[PDB]
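If you read the sequence shown in the deposited numbering, its first letter stands for residue 61, the second for the next number, and so on.
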Amino acid sequence: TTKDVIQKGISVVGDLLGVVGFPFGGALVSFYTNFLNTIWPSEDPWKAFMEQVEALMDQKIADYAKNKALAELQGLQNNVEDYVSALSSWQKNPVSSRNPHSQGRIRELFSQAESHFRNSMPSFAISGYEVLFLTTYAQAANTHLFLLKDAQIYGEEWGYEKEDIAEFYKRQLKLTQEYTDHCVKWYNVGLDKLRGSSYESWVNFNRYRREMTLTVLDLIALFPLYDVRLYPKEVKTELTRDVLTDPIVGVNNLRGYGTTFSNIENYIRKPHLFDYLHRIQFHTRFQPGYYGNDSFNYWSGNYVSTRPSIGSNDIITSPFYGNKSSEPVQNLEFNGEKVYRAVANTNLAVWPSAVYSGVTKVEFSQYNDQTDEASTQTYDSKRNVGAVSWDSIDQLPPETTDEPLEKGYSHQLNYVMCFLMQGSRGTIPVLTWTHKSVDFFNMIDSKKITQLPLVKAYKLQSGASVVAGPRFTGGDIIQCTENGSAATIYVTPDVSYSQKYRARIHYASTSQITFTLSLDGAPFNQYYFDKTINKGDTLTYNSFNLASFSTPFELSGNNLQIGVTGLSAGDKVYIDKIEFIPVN
């Protein structure tokens with residue numbers, strides 16, 4: 061269900077993570093001609109973004125409104141196309157071309173496009189349909205910002221005056237805040253409009269939350285990296301959040317025997333440090349069928365093990381989920397492997413009184429970065445497997461379908477839960493996946509700006525917990541409630557010529573505070589940081605400030621430990637990311 065927008069939704073975030081920050085000008089047109097075919101070739105990509113949010117909501121956009129949202133996304137096609145053609149010429153054309161004629165021509169093109177976005181946008185926010193338009197609003201907003209930054213890059217070359225540029229800069233700032241906050245507000249509103257009580261309500265809920273994460277929340281997460289003044293190099297970053305695929309079922313209609321809403325959501329992975337899949341212990345049962353044929357074996361329960369982010373290796377293993385095994389147990393080991401796909405068989409037995417569905421087979425496609433070669437590891441119920449009915453590609457497509465899927469995939473499996481049906485009529489398993497952009501090693505690039513999310517810390521102290529991020533950070537954040545050391549993340553430098561660095565940190569504090577950075581316990585950076593919220597406040601874009609440390613430093617260590625002081629009682633610090641700016 062939905063691979064049309066959910067593919068364009070992952071190509072755009074997968075394509076935008078290269079030209080994010082200050083793109084080496086050659087990659088900024090190597091991007092924009094992918095983005096003109098992904099999101100702006102016709103109005104076929106824009107009438108799908110609508111009918112996707114419509115499907116998750118069971119409500120309609122009227123017809124006196126579903127049009128003027130397409131009449132504008134045509135308006136914006138040309139503009140954006142025409143600007144990119146012009147900009148591409150500008151890039152190629154040797155500087156013995158840059159006469160006053162072509163200057164004010166690209167100038168007018170950029171001004172056209174940017175002008176038009178500013179006129180269009182409220183069309184994607186009309187009162188009453190803000191949720192249904194959300195993806196359209198997002199993809200547009202994202203083209204508008206990504207457009208606006210070009211004024212900073214080429215402004216002088218095109219002959220815009222100091223003011224002209226600086227007026228664009230203030231607009232990019234205000235719109236980055238307004239666009240982001242709009243998207244979180246209305247995402248949550250829609251999400252809430254879908255909580256219910258049945259397994260049925262839940263799958264719609266989760267399908268909304270998955271698809272909105274891929275085609276909205278992942279997109280806004282990159283909006284502050286279009287500020288090329290604050291990010292004047294290329295940025296190395298990652299999305300740390302979870303997504304759960306739809307559950308694996310042998311029937312469309314479970315007739316109210318699916319696990320209740322409360323029984324799934326209150327029991328899925330709560331905000332946690334980042335980890336990677338380590339082990340799955342499959343548990344198979346026997347399903348006596350109506351005849352000496354349909355009787356089969358089904359995946360009924362499991363354990364899960366996951367290995368924590370780098371710095372620790374002492375593993376985690378889950379409670380038992382589901383029912384214990386009546387055939388022998390199967391173990392697959394996933395150390396060092398990245399499970400870029402999952403395909404599954406299901407099967408059912410029709411009984412005069414009831415139906416019994418199960419998952420009989422799951423084949424796990426996987427890849428290996430330590431030693432470049434792809435493989436498969438499979439699970440077999442060992443009795444009447446049936447046919448494949450569930451393909452994770454249909455929900456987590458690849459970034460691009462150019463390369464083979466083990467290079468161009470978009471997600472790797474993180475976690476496998478097993479939920480029991482009502483009146484043990486089966487087990488429904490649920491798969492959790494993370495983004496391919498995550499780096500196991502926590503590498504600090506030597507040419508680029510590096511963003512290290514505090515959820516990649518391997519260890520938390522002084523009563524520092526992991527908290528639901530505010531939807532625009534790309535994941536969660538660390539919550540400090542106490543003075544003293546709060547988080548410890550392991551860190552991989554890429555050279556050993558003493559490459560000096562400056563640090564910034566992206567936080568939100570209720571009071572003024574002091575951050576201490578250390579390496580292997582040696583403290584190497586401290587400074588005072590400004591208040592940014594009042595107690596009780598709900599965290600919007602402006603809640604988080606991004607502030608530099610005074611002193612350059614080298615990465616002669618691996619164990620970054622972050623500490624907070626200044627908290628009175630009832631204070632909160634929220635830490636999102638730590639940044640590394642390579643220096644001279």
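Note that CB positions come from ideal geometry on N, CA and C, so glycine has one too.
Looking at the DSSP output, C243 bridges to nothing. In the same chain as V624, and ignoring 5 residues on each side of it, the C-beta atoms closer than 6 Å to its own belong to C540, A546, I573 and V633, in chain order.
Per DSSP, the unbroken alpha helix (DSSP H) holding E466 starts and ends at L465 to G468. Your pair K637 and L512 checks out as a contact, with CB atoms roughly 6 Å apart and the cut at 8 Å. If one requires a minimum length of 3 residues, the beta strand (DSSP E) runs lying completely within the stretch 383 to 455 are 390 to 393, 397 to 410, 415 to 428, 435 to 440 and 447 to 451, in chain order.
Collapsing the DSSP output to three states places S506 in coil.
In the three-state DSSP reduction, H471 falls in the strand class (E or B). Here DSSP, grouped into helix, strand and coil, assigns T366 to strand.
For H343, the pairing in a beta bridge is given by DSSP as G361. For the pair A414 and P348, the Cα-to-Cα distance works out to about 12 Å.
With a contact defined as Cβ atoms closer than 8 Å, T492 and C478 miss out at about 12 Å. Using a Cβ distance threshold of 8 Å, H471 and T436 do not count as a contacting pair. A Cβ-Cβ separation of about 5 Å places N405 in contact with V445 under the 8 Å criterion. DSSP places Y214 within a helical segment (H, G or I) once states are collapsed to three.
Distance between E463 and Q67, taken at the CA atoms: about 15 Å.
Across the set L514, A226, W246 and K230, the C-alpha of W246 shows the shortest separation from the C-alpha of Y189.
Counting only runs that start and end inside the stretch 297 to 342, there is no beta strand (DSSP E) element of at least 3 residues. The Cβ atoms of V72 and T98 lie closer than 8 Å to each other. For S175, the enclosing alpha helix (DSSP H) begins and ends at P160 to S180. The stretch 188 to 206 and the stretch 144 to 157 do not touch, with fewer than three beta-carbon pairs separated by less than 8 Å. Each of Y358, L254, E423 and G74 was checked against the Cα of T275, and the nearest Cα belongs to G74.
For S90, the enclosing alpha helix (DSSP H) covers residues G85 to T98. Pairing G135 with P368, the inter-Cα distance amounts to about 48 Å.
Ranked by how close their Cα comes to the Cα of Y197, the residues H242, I340, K384 and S258 have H242 in first place. Minimum Cα-Cα distance from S610 among the listed residues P388, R562 and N594 corresponds to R562. According to DSSP, residue pairing for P489 in a beta bridge involves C478. The Cβ atoms of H343 and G382 sit closer than 8 Å to each other. DSSP places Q559 in the coil class of the three-state scheme, outside both helix and strand. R231 and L290 have their alpha carbons spaced roughly 15 Å apart. For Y143, the uninterrupted alpha helix (DSSP H) segment begins and ends at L130 to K152. Around the CB of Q119, fewer than 16 other CB atoms lie within 10 Å, so the residue is classed as exposed. Taking C-alpha positions only, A524 is separated from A517 by approximately 12 Å. The beta-bridge partner set that DSSP reports for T548 consists of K519 and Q621.
Using a Cβ distance threshold of 8 Å, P457 and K63 count as a contacting pair.
The alpha-carbon of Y550 is positioned some 21 Å away from that of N428. Counting along the chain, no beta strand (DSSP E) covers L285, and no H or E run does either.
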